[PDB]
Every structure is written in structure tokens, then in C-alpha cells.
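> One structure coming up, written as C-alpha cells, with questions to follow.
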Amino acid sequence: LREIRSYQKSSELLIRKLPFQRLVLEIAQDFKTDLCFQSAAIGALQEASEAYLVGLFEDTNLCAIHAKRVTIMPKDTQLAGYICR
Amino acid sequence: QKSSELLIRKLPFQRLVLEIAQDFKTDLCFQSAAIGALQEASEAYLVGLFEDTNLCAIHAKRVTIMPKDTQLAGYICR
Amino acid sequence: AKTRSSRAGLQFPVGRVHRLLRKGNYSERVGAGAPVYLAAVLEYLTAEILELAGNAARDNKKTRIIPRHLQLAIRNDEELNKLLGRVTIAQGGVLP
Amino acid sequence: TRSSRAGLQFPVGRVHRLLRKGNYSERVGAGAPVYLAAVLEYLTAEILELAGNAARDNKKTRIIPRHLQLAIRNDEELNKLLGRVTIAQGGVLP
Amino acid sequence: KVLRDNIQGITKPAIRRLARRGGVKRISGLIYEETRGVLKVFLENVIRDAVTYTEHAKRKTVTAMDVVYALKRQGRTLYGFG
Amino acid sequence: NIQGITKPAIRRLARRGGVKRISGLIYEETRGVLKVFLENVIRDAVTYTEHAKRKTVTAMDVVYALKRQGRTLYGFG
Amino acid sequence: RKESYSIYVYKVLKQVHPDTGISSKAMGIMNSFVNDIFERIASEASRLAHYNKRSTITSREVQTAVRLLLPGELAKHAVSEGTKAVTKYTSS
Amino acid sequence: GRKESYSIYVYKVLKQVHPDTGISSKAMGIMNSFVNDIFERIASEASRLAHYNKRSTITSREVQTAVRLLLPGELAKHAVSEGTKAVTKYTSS
DNA sequence: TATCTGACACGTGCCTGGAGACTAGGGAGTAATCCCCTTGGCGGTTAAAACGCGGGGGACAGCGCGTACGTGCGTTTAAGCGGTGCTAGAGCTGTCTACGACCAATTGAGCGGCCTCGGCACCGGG
DNA sequence: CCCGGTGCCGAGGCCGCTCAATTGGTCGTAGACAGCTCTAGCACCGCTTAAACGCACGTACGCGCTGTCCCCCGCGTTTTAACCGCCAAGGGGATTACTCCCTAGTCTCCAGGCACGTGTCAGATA
Numbered sequence: 048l049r050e051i052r053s054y055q056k057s058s059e060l061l062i063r064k065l066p067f068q069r070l071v072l073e074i075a076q077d078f079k080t081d082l083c084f085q086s087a088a089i090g091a092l093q094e095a096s097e098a099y100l101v102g103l104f105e106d107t108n109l110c111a112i113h114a115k116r117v118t119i120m121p122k123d124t125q126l127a128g129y130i131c132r
Numbered sequence: 055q056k057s058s059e060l061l062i063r064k065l066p067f068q069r070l071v072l073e074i075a076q077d078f079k080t081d082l083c084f085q086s087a088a089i090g091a092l093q094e095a096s097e098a099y100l101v102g103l104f105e106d107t108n109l110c111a112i113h114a115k116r117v118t119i120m121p122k123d124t125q126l127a128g129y130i131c132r
Numbered sequence: 014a015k016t017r018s019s020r021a022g023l024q025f026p027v028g029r030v031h032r033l034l035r036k037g038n039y040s041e042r043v044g045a046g047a048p049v050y051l052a053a054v055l056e057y058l059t060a061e062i063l064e065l066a067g068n069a070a071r072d073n074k075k076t077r078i079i080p081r082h083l084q085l086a087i088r089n090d091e092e093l094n095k096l097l098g099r100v101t102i103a104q105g106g107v108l109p
Numbered sequence: 016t017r018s019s020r021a022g023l024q025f026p027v028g029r030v031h032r033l034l035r036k037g038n039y040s041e042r043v044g045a046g047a048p049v050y051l052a053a054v055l056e057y058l059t060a061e062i063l064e065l066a067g068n069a070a071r072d073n074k075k076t077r078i079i080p081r082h083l084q085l086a087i088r089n090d091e092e093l094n095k096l097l098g099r100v101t102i103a104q105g106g107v108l109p
Numbered sequence: 020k021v022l023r024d025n026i027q028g029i030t031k032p033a034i035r036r037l038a039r040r041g042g043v044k045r046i047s048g049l050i051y052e053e054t055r056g057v058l059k060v061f062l063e064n065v066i067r068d069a070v071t072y073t074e075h076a077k078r079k080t081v082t083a084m085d086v087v088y089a090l091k092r093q094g095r096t097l098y099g100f101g
Numbered sequence: 025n026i027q028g029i030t031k032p033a034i035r036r037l038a039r040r041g042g043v044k045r046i047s048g049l050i051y052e053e054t055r056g057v058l059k060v061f062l063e064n065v066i067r068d069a070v071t072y073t074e075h076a077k078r079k080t081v082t083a084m085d086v087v088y089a090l091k092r093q094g095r096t097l098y099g100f101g
Numbered sequence: 033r034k035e036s037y038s039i040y041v042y043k044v045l046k047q048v049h050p051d052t053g054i055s056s057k058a059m060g061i062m063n064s065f066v067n068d069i070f071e072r073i074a075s076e077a078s079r080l081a082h083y084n085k086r087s088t089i090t091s092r093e094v095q096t097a098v099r100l101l102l103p104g105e106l107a108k109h110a111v112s113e114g115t116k117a118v119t120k121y122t123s124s
Numbered sequence: 032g033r034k035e036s037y038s039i040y041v042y043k044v045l046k047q048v049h050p051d052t053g054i055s056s057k058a059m060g061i062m063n064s065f066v067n068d069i070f071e072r073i074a075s076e077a078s079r080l081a082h083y084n085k086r087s088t089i090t091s092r093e094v095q096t097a098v099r100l101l102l103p104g105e106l107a108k109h110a111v112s113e114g115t116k117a118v119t120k121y122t123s124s
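Residue numbers (PDB author numbering), protein chains in the order written: chain E, 48 to 132; chain A, 55 to 132; chain G, 14 to 109; chain C, 16 to 109; chain B, 20 to 101; chain F, 25 to 101; chain D, 33 to 124; chain H, 32 to 124.
Put into C-alpha cells, the structure is as follows:
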């Protein structure tokens with residue numbers, strides 16, 4: 048609750064930068080070797096991914112609340128992904 | 055399900071469409087094809103809605119869809 | 014063969030595609046090979062979807078394809094379904 | 016100018032150069048850029064009104080992304096318009 | 020000629036058949052009114068856009084293509100009507 | 025590689041998303057989901073880039089890729 | 033050499049909230065938002081033109097496109113001010 | 032009043048694939064609308080690519096990249112293969 | 001199950017979109033250069049994360065009771081067919097002309113640097 | 001932290017260079033308007049019967065409750081790499097200039113496409 052209010056109040060990014068950058072680069076390497084990413088583009092992916100993720104958890108929480116539970120579960124995320132399409 | 059024959063009655067649906075349009079701008083005509091297209095779109099949309107509502111109901115371990123389910127589906131559809 | 018489609022061994026009308034591209038104001042100029050490529054893609058996709066439609070009709074022992082069959086094919090194939098998952102088919106019905 | 020002719024702050028000429036360049040149509044009507052510029056002015060005015068209100072409520076004289084995010088998400092119509100929109104550093108509604 | 024409350028024209032058995040096609044088995048009574056509301060909202064939205072299209076084209080007759088375009092606005096592309 | 029998304033990071037994310045209690049499997053599921061989402065966005069961005077015959081993905085590349093996903097991103101020129 | 037709407041957004045800011053500033057980061061958001069809305073309306077109007085097989089994007093096209101993209105009351109005010117400005121431009 | 036449609040070509044492709052199979056008018060109409068829809072979507076994407084790269088012409092390259100974007104993985108790959116093959120075949124003559 | 005049939009398939013006739021040749025120009029391919037951002041590597045701090053433990057709030061199961069929904073039967077309503085008759089409006093063509101495209105010529109608005117200044121936070125003492 | 005002064009640095013004002021907006025005029029034609037025409041829609045009328053409405057019933061499901069058991073949360077402690085700032089260099093994005101090559105445009109030529117007229121079998125009709 049306190050953490051919920053604290054984080055929802057601010058707009059600082061949550062995922063540590065360098066790890067996320069390494070993730071993005073790993074995926075890109077999987078697609079096509081020796082690509083380069085501007086720090087700006089990695090930041091853009093950071094923002095988009097974090098916002099998307101946040102929305103996903105919002106929907107998952109809605110589903111869990113609907114199911115009378117309080118603890119989200121993989122089932123909830125499956126449902127949120129499915130309905131939204 | 056096995057078939058595709060329309061499910062909402064034609065004429066009542068037509069009168070519904072006309073009534074709705076009456077609140078936007080009077081004396082508009084509708085090609086029978088337009089009415090048919092609207093009916094098909096509504097049928098598909100409602101079938102999708104009920105599929106999602108059924109998913110939600112199963113999720114809640116219930117069997118009887120309830121308006122709460124519909125609301126949930128509409129909302130998660132963003 | 015004077016017709017470009019014949020030149021490319023495609024049943025679709027290359028010339029019509031080119032005319033549409035120019036007339037549809039998608040760009041100022043239209044590459045010579047661009048209509049060719051696009052027509053090839055369109056013919057491929059139509060052939061693909063019709064493959065599954067005909068197979069479904071065979072399963073239904075029907076010589077003629079109908080919207081029911083197209084709906085079936087689109088919904089059953091994962092890829093097409095992803096491509097056309099946001100679509101509605103006249104008298105399409107839905108998968109059981 | 017032309018914007019002056021219409022009392023709009025937005026660049027009529029700029030909008031006109033864009034309508035032509037972006038190949039949205041063979042030709043472009045004379046009043047079309049005027050109308051479109053006015054519309055853009057109105058929409059930005061509404062966004063900025065709400066942002067300034069939020070900043071005042073937040074005791075800040077300089078607007079920042081979070082303020083825009085709040086303004087957008089709070090107003091029903093705008094939220095409807097920008098529902099698919101994610102704002103850099105936007106944050107989320109409390 | 021006047022019109023009235025034709026929303027009820029979507030009778031309970033109609034909605035029940037709809038849901039059945041959707042795979043639903045058991046339906047609460049409260050559903051019917053809610054579904055009627057949702058359908059009304061959906062039609063309001065689509066018809067608003069279709070009528071706008073027509074008005075722009077200086078016509079008095081909503082044509083199927085107009086509804087098709089309106090649906091496309093909603094992102095619900097429709098086939099089989101041109 | 026992917027596991028760089030620390031459990032606590034997901035916890036913070038969900039907190040911003042309003043969640044209050046989270047099951048253990050949530051972490052792995054979220055990791056996979058985000059992996060898929062990125063895979064998609066980066067595929068599209070890399071394609072945009074390759075078409076431009078460039079070797080360096082650019083912020084605009086990602087912006088368009090998200091635009092295709094119905095994910096308009098504001099604040100990147 | 034690059035374009036933007038930043039300065040005009042700033043002028044609007046002074047028009048509406050004389051005593052308020054905006055972060056460059058926020059000005060970027062404002063600029064991209066204007067670009068997005070402009071592009072949406074423009075493409076919408078282009079389709080209106082092609083759809084009725086006219087080659088001219090006249091004010092009428094933009095009016096209907098706005099009436100389509102925006103929600104109800106926002107559209108009402110938008111069309112109001114747009115038509116108003118168009119009239120004035122013709123007046124002078 | 033002449034009016035365009037791909038019904039003839041769709042019918043031809045049907046003969047190619049399921050030669051012993053007919054098609055209803057409604058199904059043909061659906062196919063016609065489907066072809067128009069994808070044609071339009073690919074053309075729009077190609078146009079946006081052109082204008083993104085500040086290039087004034089839609090060449091084969093743009094359509095290729097557009098197909099790679101719109102279509103899903105396996106379909107995209109197969110279509111790209113088919114398209115490049117057809118372009119090569121055409122340029123050969 | 002004929003049969004018929006009209007829905008698909010088939011011929012023919014027209015013609016209109018498509019195709020080929022030539023031109024010219026500007027648009028795109030190429031290279032050459034400039035220089036910036038990108039990576040990469042290190043060391044230092046330290047906040048961030050990783051791990052363990054304890055308990056307890058919450059998920060899950062089971063049970064019991066009530067009741068709202070599915071089923072059926074009988075009764076009622078209007079949806080559908082046709083059918084028939086009228087015309088408002090779509091569509092198509094023909095005419096004119098007001099409006100937009102090009103371009104030549106001029107001007108100051110915008111762009112970017114330059115400076116400067118205090119609002120909001122840095123900074124250095126309480 | 002506060003706290004007044006710093007400062008700094010992002011806002012904000014100013015400067016000057018300018019190149020894109022403005023303006024004029026011309027010419028073309030897209031678009032406006034009108035006239036005709038012919039369907040496609042509307043209504044209305046009667047009829048039929050299929051569908052819908054309502055009643056009654058009972059029972060399967062929702063819902064509340066309990067009661068367990070255990071999976072997360074919070075805390076503490078220990079480990080880590082994320083961030084940092086620097087610096088080095090170098091790959092490639094940006095910019096420009098130049099060439100040739102492709103495509104719009106035209107004329108000109110004609111045959112596949114499409115409509116319309118016609119035959120005939122897969123499936124609907126009988």
C-alpha cells in the first residue's frame with residue numbers, strides 16, 4: 048500500500064537501465080547480428096515496455112479482484128492477455 | 055453455431071437502427087444492405103462479447119455469466 | 014506475352030495494381046517492380062486462404078466455398094487468424 | 016501572414032506546406048489549412064489548460080510530463096482521445 | 020413516422036441465442052438489460068460515424084459502404100459488403 | 025540474460041499497477057510476457073531500420089514500431 | 033535545420049496561463065502530440081477526399097474528419113472554433 | 032458502367048489450387064473485399080515507409096519491407112519469398 | 001430421387017484498360033568527406049538486489065441453504081412474404097467558373113546563437 | 001533538513017541572419033449546379049405461422065461460511081553490479097556532389113476483361 052502510493056505518485060523508471068539494455072541487445076542479436084542501439088532508442092523501449100507492463104498488471108489486478116482473490120496469479124494474466132487480444 | 059443464419063430478428067433490428075438514427079439527424083434513409091451490414095456487425099460484436107464474458111465467468115469459477123462479467127470484459131478490452 | 018502479369022507468371026493483374034498505386038496517391042512515383050511484388054504477394058495470400066477454404070469444403074463435402082468455410086479457414090489457421098483476427102465475415106459464423 | 020489573418024497562433028503556412036508535402040491529396044483547399052490549424056490550436060489549448068490547472072494544484076509554475084499525463088487521464092474526452100497514448104515519464108494515476 | 024423503445028425488439032430469446040453461439044451456458048436475468056445497453060451504445064457509436072460520412076457526401080441514404088467505413092473507424096473491419 | 029529483470033523490479037512495477045500480493049509464478053510469467061512483447065517491438069524496429077539500410081536502431085524506429093502496435097509513444101521527437 | 037511547433041505551443045501557453053512555463057521534455061511531448069493529431073486528421077481528411085472521389089482536401093473535409101476522430105463535446109468545440117476561424121479568414 | 036473487381040482472378044487462383052471446386056457469389060465478394068483490404072494495407076505501409084525515408088517513390092524494396100511488417104512470421108517469410116521470386120522472374124524477360 | 005435451374009459455367013461481342021517506344025529530367029545510387037556518438041574498459045560507492053527465516057493473512061476446499069434460471073406447455077404477437085403501387089433520391093451527363101497550382105519577386109518571422117537572469121533547486125553554512 | 005545565498009541552468013530576452021511565407025497574376029479544371037432517369041426504397045395490405053411471452057416448477061448453482069494449510073511479506077543481513085565519470089577511438093550517420101538510370105508522360109496500338117447474351121450441371125428445387 049505505502050509502496051503502491053509512493054510509486055504511483057512519481058514517474059521515475061523502475062527497471063534498472065543496464066540490465067534492460069542488455070536484454071534488448073540480446074533479443075536484437077537474436078534477430079540480426081551487430082546492430083547498434085542509440086541510448087535514446089533503448090530509453091524509448093524502456094518507457095514503452097514499462098508502461099505496457101504496468102497496464103498489464105493493472106488489468107491482472109482487475110481480473111483477480113473480480114475472482115474474489117487478492118493475489119494475482121498466472122491465470123489472471125492469461126485472462127487479461129486473452130480478453131484484451 | 056453449426057449454421058450462420060442471422061439470430062436477431064430483421065425488422066425489429068431495423069426499427070432499432072432507425073430509432074437510434076432519429077437522434078442524430080432526421081429523415082435519413084438506409085439501404086437494406088446498410089441495415090444488413092449493421093446487423094452482421096452487431097451480431098459478431100455481441101458474440102465476441104459473450105465469448106469474453108464466458109471466459110471471465112469461468113475464471114470466477116462460476117457458470118452463470120453476470121453483468122459484472124460483461125463489465126470486466128469491456129474494461130479489459132481497454 | 015505483352016501483359017506484365019504474364020511476364021511475371023502471375024494470374025493477378027499487374028497493370029491494375031500499378032494503376033491503383035498511382036491513382037491511390039500512395040507516392041509520387043511507383044517503382045516498376047513494385048506492382049509486380051505486390052501482385053505476387055496478393056496472389057500468394059489468396060492462394061493460401063483458398064487452400065484452406067477448399068480443404069474445409071472437402072471436409073464438408075461441398076464443391077462450392079461459402080462464407081462459413083472462409084470463416085473456418087481463417088479462424089483455424091493461427092497465422093491468418095492473427096492477420097484477420099480483427100475481421101468479420103458476412104454470415105461467417107464462429108468456430109464451435 | 017495568414018495565421019494573423021485568422022488570429023490563430025499556429026502557422027497556417029507551415030500546416031499548408033505539410034498538407035502538400037505529405038501527399039494527402041492532389042490539391043489542397045485554401046481554407047483547409049486554416050481550419051486544421053484552428054483545430055490544432057484548440058486541442059493544444061485544452062491540453063495546456065488542463066496541464067496548467069494540474070500544475071497549479073501541484074504548486075508548480077513549469078509544466079512537466081507527469082502533469083500532461085495527469086491532465087490527459089483525468090479529462091474524460093481527452094482520455095478517450097489519447098487512450099492508446101503513453102507519455103514519456105508520464106507516470107500513472109494515483 | 021415516429022419510433023419508440025425499439026430496443027426491446029431484442030427479445031430475451033434473441034440474446035440467449037446470441038450467448039449460446041458465444042458458448043455461454045447459464046445466463047443471469049440481469050444480463051439481458053446490460054446486453055441491450057451495450058448493443059445500444061455500440062450502435063450509437065457506429066451510426067454516428069456512418070451518418071457523418073453520409074452527411075459529408077451530401078446524401079440522404081446511408082449506404083452499406085458507409086457502415087463498412089464507419090466500422091473500419093472502430094477498427095472492426097467488415098468483409099462481404101464491397 | 026532475461027533474468028536481469030529482478031523480482032523486486034516486477035514487484036515495484038505491480039505496485040505502480042496497484043497490485044498488493046503476488047504469487048511466485050507471476051515473476052516467471054511476467055518475464056516471459058515482456059520477452060514476447062519486446063521480441064515483437066524490436067522485430068518491427070529492426071525491420072524499419074534495415075529498410076533504411078542503417079546499422080543503428082534509432083528512437084524514431086522504435087516509435088514507429090510501437091505506432092504499428094497501436095502504442096503511440098510521445099516524447100521522442 | 034529542423035522544424036517543430038514548440039514556439040507556437042509556447043505562445044499558446046502564454047495565451048492560456050500567462051504565468052506558467054514548460055519543461056523541454058514536456059515541450060517534446062507537446063510537439064509530438066501536435067504532430068500526431070495533425071497527421072491523424074490529415075490522413076482522415078485525405079481518405080474522406082478519396083472516398084468520395086474528390087481531389088481537393090477542402091475545409092469541409094477537415095471538418096468532417098474532426099467530427100469523426102474526436103469525441104462528442106470536444107468535437108463540438110473543435111468544429112466551433114475551426115469554422116469561426118475559417119469565417120474570419122475569409123472576412124479579411 | 033464498368034466496375035472493377037478481382038473476382039475473375041480469384042476464380043482463376045481457385046482453379047489453380049482446388050480445380051474441382053466452385054465458389055458462391057457471397058464467398059467471392061468476401062474474397063474481393065479481402066484482397067482490397069490487404070492491397071490497401073500494404074500500399075499504406077509502403078507509402079509511410081517512403082515518407083519516413085524521405086523517398087518519393089515506392090520501389091519493390093518498400094513493398095518487401097511492408098510485407099515483412101504487416102504479415103506474421105511464417106506468412107511474411109513465404110510471401111517475401113514468393114514476391115522476390117516473381118520480381119526476379121519478371122525482370123528476367 | 002428427377003429436374004430444373006439458375007448458378008455456375010460458357011461464347012461472343014465490344015472496348016477500354018493495358019502495353020510498347022521514345023524522351024527527358026530529377027530522383028536515387030555512389031562516393032567522398034566530416035565528426036560525432038557509440039562502445040568499451042576501470043575503479044569507486046553503495047544502493048540495489050539476493051538469501052534466509054518466521055509467521056500469519058489469504059487461497060482453497062468443503063458444506064449447507066436458499067433461489068434464480070432452465071425447461072416445458074400453452075397462449076399470443078408480430079415477423080416475414082408477397083405484392084403492389086408510388087417517388088425520392090441516387091447516379092449519370094452536361095456545362096461554367098470560381099478556386100487552386102506555378103511561378104516571380106519581396107519581406108520579416110523563425111531559427112539558431114548570443115547573452116542574461118532569477119525559479120527552482122544547488123550550494124555551503126545553521 | 002533550512003536557509004540564505006548560490007547557481008545554474010533552464011527559461012527567457014535579444015540579435016541578426018533569411019528563406020520560407022506572402023503576394024499577383026495566369027491558366028487550367030475540379031468542382032458546383034442542373035437536368036434527366038430509373039431504380040430502390042417505402043408504405044401498406046393481408047395473411048400465416050413461426051416465433052415470443054408468460055406460468056409454473058424444481059433443482060442446479062451462487063453464495064456465504066468455516067476451517068485448514070502454506071506462500072508471501074517484512075525484516076534483517078550479506079553480496080553484488082548498477083551507476084558513474086573518465087577517456088580512447090573509431091564506425092557510421094550526416095552532408096554533399098555527381099551520374100545514370102527509371103519513370104512520368106506521351107502517343108499508338110490492341111486484346112484480354114467485362115458485360116451481356118447463352119448453355120448446362122451441383123445443388124436446390126420438385
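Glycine is no exception: its CB is placed at the ideal position from the N, C-alpha and C atoms.
Classify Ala14 (chain G) as buried or exposed, calling it buried when 16 or more other Cβ atoms lie within 10 Å of its own Cβ.
As a position in the third sequence, residue 14 (chain G) is number 1, starting the count at 1. Exposed: under 16 other Cβ atoms inside 10 Å.
> Name the two residues that bound the continuous alpha helix (DSSP H) containing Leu55 (chain C).
Numbered from 1 along the fourth sequence, position 40 holds the residue referred to as residue 55 (chain C). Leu55 (chain C) -> alpha helix (DSSP H) spans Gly46 to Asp72.
> Taking 8 Å as the limit between beta carbons, can you name the residues of its chain near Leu103 (chain E), skipping five residues before and five after?
What you label residue 103 (chain E) is simply residue 56 of the first sequence in a count that begins at 1. The answer, listed in chain order, is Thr124, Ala127 and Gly128.
> Taking a contact to mean a Cβ-Cβ separation below 8 Å, would you say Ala95 (chain A) touches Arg95 (chain B) in this structure?
Locating residue 95 (chain A) in the second sequence gives position 41, where the first residue counts as 1. Locating residue 95 (chain B) in the fifth sequence gives position 76, where the first residue counts as 1. Yes, they are a contact pair.
> Pick out whichever of F:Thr82, F:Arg39, F:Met84 and F:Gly28 has its Cα sitting closest to the Cα of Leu100 (chain E).
Residue numbering aside, residue 100 (chain E) sits at position 53 when the first sequence is read from its first letter. With distances taken between Cα atoms, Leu100 (chain E) lies closest to F:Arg39.
> Closest Cβ-Cβ distance between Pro109 (chain C) and chain E: below 8 Å?
In the fourth sequence, the residue the question calls residue 109 (chain C) occupies position 94. For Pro109 (chain C), the answer is yes, since a Cβ of chain E falls inside 8 Å of its Cβ.
> I'd like the list of long-range same chain contacts for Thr118 (chain A), defined as Cβ closer than 8 Å, with 5 residues on each side in sequence excluded.
Along the second sequence, one-based indexing puts residue 118 (chain A) at 64. Here the set comprises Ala111.
> Between G:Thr76, G:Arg99, G:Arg81 and G:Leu85, which lies nearest to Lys91 (chain B) when the distance is taken from Cα to Cα?
By 1-based counting over the fifth sequence, the position of residue 91 (chain B) is 72. Taking only the C-alpha atoms, the option nearest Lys91 (chain B) is G:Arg99.
> Going by CA-CA distance only, name the one from F:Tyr88, F:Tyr98 and F:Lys31 that's closest to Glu52 (chain F).
Sequence index remark: in the sixth sequence, residue 52 (chain F) carries index 28 (1-based). Among F:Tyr88, F:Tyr98 and F:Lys31, the Cα nearest to that of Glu52 (chain F) belongs to F:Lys31.
> Check distances from the C-beta atoms of the region 48 to 61 of chain H to those of chain G and list, in chain order, the residues that come in under 8 Å.
For the region 48 to 61 of chain H, which is checked against every Cβ of chain G, the residues closer than 8 Å are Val48, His49, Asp51, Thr52, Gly53, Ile54, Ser55, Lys57, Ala58, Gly60 and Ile61.
> Have a look at B:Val21, B:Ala33, B:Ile26 and B:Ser47 and flag the residue whose alpha-carbon is nearest the alpha-carbon of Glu59 (chain A).
The count along the second sequence starts at 1 and reaches residue 59 (chain A) at position 5. It is B:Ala33 whose Cα lies nearest to the Cα of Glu59 (chain A).
> For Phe61 (chain B), name the three-state secondary structure that DSSP assigns.
For the purposes of this step, residue 61 (chain B) is identified with residue 42 of the fifth sequence, where counting begins at 1. Looking at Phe61 (chain B) - three-state DSSP - the assignment turns out to be helix.
> Which whole-angstrom value describes the C-beta separation of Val94 (chain D) and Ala47 (chain C), a residue pair presumed to lie in contact below a C-beta threshold of 8 Å?
Here residue 94 (chain D) refers to the residue found at position 62 of the seventh sequence. Here residue 47 (chain C) refers to the residue found at position 32 of the fourth sequence. Confirmed, Cβ separation roughly 5 Å.
> Anyone know if the C-beta pair for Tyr42 (chain D) and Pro26 (chain C) falls short of 8 Å?
As a working note, residue 42 (chain D) is residue 10 in the seventh sequence. As a working note, residue 26 (chain C) is residue 11 in the fourth sequence. In this structure, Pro26 (chain C) does not lie closer than 8 Å to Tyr42 (chain D) by Cβ.
> Between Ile50 (chain B) and the rest of its own chain, which residues show a CB-CB distance below 8 Å, the 5 nearest in sequence each way excluded?
As a working mapping, residue 50 (chain B) is identified with position 31 in the fifth sequence. These residues qualify, in order along the chain: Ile34 and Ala38.
> Anything in chain B within Cβ reach of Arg132 (chain A), meaning under 9 Å, just list it in chain order.
The count along the second sequence starts at 1 and reaches residue 132 (chain A) at position 78. Ordered by position in chain B, no residue passes the 9 Å Cβ test against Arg132 (chain A), which lies about 12 Å from the chain.
> Can the beta-carbon of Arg42 (chain C) be found less than 8 Å from the beta-carbon of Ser87 (chain D)?
Indexing the fourth sequence from 1 puts residue 42 (chain C) at position 27. Indexing the seventh sequence from 1 puts residue 87 (chain D) at position 55. Yes, Cβ-Cβ distance for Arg42 (chain C) and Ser87 (chain D) is below 8 Å.
> Between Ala69 (chain F) and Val81 (chain F), how many whole angstroms is the CB-CB distance? I'm expecting something under 8 Å.
Taking the sixth sequence and counting its residues from 1, one reaches residue 69 (chain F) at position 45. Taking the sixth sequence and counting its residues from 1, one reaches residue 81 (chain F) at position 57. 6 Å between Cβ atoms; contact.
> Span of the alpha helix (DSSP H) holding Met84 (chain F)?
Start at 1 with the first residue of the sixth sequence, and residue 84 (chain F) comes out as number 60. Looking at the DSSP string, the run of the alpha helix (DSSP H) that includes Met84 (chain F) is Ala83 to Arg92.
> Spatial neighbours of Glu56 (chain C) within its chain, please: C-beta separation below 7 Å, excluding the five flanking residues on both sides.
Taking the fourth sequence and counting its residues from 1, one reaches residue 56 (chain C) at position 41. Excluding sequence neighbours, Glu56 (chain C) sits near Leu23, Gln24 and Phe25.
> When you compare only the Cα positions, how much space is there between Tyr37 (chain D) and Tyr37 (chain H)?
The residue given as residue 37 (chain D) occupies position 5 in the seventh sequence. The residue given as residue 37 (chain H) occupies position 6 in the eighth sequence. Straight-line Cα distance between these residues: approximately 45 Å.
> Applying the 10 Å Cβ sphere with the 16-neighbour rule, what's the burial state of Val60 (chain B)?
Taking the fifth sequence and counting its residues from 1, one reaches residue 60 (chain B) at position 41. So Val60 (chain B) ends up on the exposed side.
> Assign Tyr40 (chain H) to one of three DSSP states: helix, strand, or coil.
To locate residue 40 (chain H), count along the eighth sequence from 1; it is residue 9. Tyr40 (chain H) falls in the helix class under three-state DSSP.
> Which of the three DSSP states, helix, strand or coil, is assigned to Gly106 (chain C)?
Counted from its first residue, the fourth sequence places residue 106 (chain C) at position 91. DSSP places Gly106 (chain C) in coil when its eight states are reduced to three.
> Cβ of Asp24 (chain B) less than 8 Å from any chain D Cβ?
Within the fifth sequence, the letter at position 5 stands for residue 24 (chain B). Chain D contact via Cβ: absent.
> DSSP state of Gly41 (chain B), grouped into three classes?
Walking along the fifth sequence from the start, residue 41 (chain B) turns up at place 22. If DSSP states are grouped into helix, strand and coil, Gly41 (chain B) belongs with coil.
> Which of the three DSSP states is assigned to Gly99 (chain F) in this structure?
Stepping through the sixth sequence from its first residue, residue 99 (chain F) is reached at position 75. In the structure shown, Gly99 (chain F) sits in coil (DSSP, three-state: anything other than H, G, I, E or B).
> Any Cβ of chain C within less than 8 Å of the Cβ of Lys120 (chain D)?
Position 88 of the seventh sequence holds residue 120 (chain D). Yes, its Cβ sits closer than 8 Å to a Cβ of chain C.
> DSSP beta-bridge partners for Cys83 (chain E)?
Position 36 of the first sequence, counted from the start, is the residue given in the question as residue 83 (chain E). Answer is F:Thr80, bridged to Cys83 (chain E).
> Could you check how far apart the C-beta atoms of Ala75 (chain A) and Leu65 (chain A) are, in whole angstroms? I think they sit under 8 Å.
Within the second sequence, numbered from 1, the residue matching residue 75 (chain A) stands at position 21. Within the second sequence, numbered from 1, the residue matching residue 65 (chain A) stands at position 11. Between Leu65 (chain A) and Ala75 (chain A) the Cβ distance is about 16 Å, and since that is not below 8 Å, they are no contact.
> For the alpha helix (DSSP H) that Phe78 (chain A) lies in, which residues bound it at each end?
The residue you call residue 78 (chain A) lines up with position 24 of the second sequence. Here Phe78 (chain A) belongs to no alpha helix (DSSP H), and DSSP marks it neither H nor E.
> Taking any Cβ of chain F, which residues in the region 61 to 73 of chain C have a Cβ under 8 Å from it, in chain order?
For the region 61 to 73 of chain C, which is checked against every Cβ of chain F, not one residue is closer than 8 Å.
> Where do the N-terminal and C-terminal ends of the alpha helix (DSSP H) with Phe25 (chain C) fall, by residue?
As a position in the fourth sequence, residue 25 (chain C) is number 10, starting the count at 1. Premise fails: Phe25 (chain C) is in no alpha helix (DSSP H) and is neither H nor E.
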